[PDB]
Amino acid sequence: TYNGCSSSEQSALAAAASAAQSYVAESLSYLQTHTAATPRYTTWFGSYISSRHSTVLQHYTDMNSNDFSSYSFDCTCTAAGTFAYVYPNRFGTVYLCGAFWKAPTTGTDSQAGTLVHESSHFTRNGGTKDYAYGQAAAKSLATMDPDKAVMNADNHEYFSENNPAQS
């Protein structure tokens, strides 16, 4: 259900939800077929170790079972610095803010990518936190503290967006 969303916002959300589902699907597949260190993995999740790979694999397995198109969306927030937000314990509802409408459907810091970021926050999906924001900080987190990287929402978003594309 939509709450406080204009017609244009509903249309953008519909496209973003479908793209986010695709992002999660492709990301899950990647994690299932790559069971050793690769550029795309280490860049966002740090040094490859089975434990952490299992952690992210679980997150995407859970998110893949989510139906993004059936999520409830709320467009009342007007915070320009925030893309969106959710309550980890209240699954299925995403609250969109100002920056969301200025973001492209797909790509880096995209609407679709933001939904992946927010979905990862739900406890049912792994309950990621926000230890770092942005590609620069996310990459730094992956190198310096991989344990937090696999529990950081933006690292999941960037791994999924994969832009620039990495093998």
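One rule holds for the numbers: they count along the sequence shown, beginning at 1.
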For the higher mean C-alpha B factor in the entry, choose 5-13 or 144-152. 5-13
Selected stretch [higher average CA B-factor]: 135-143 or 114-122: 135-143
Out of 33, 61, 128, 69, whose C-alpha atom has the biggest B factor in the entry? 69
Position of residue 163 among the chain's modelled residues by C-alpha B-factor, lowest, middle or highest third: middle
Where does the C-alpha B-factor of residue 98 rank in its chain, lowest, middle or highest third? highest
Of the three thirds of its chain by CA temperature factor, lowest, middle or highest, which one includes residue 46? lowest
Within-chain third of residue 108 by Cα B-factor, per the entry: middle
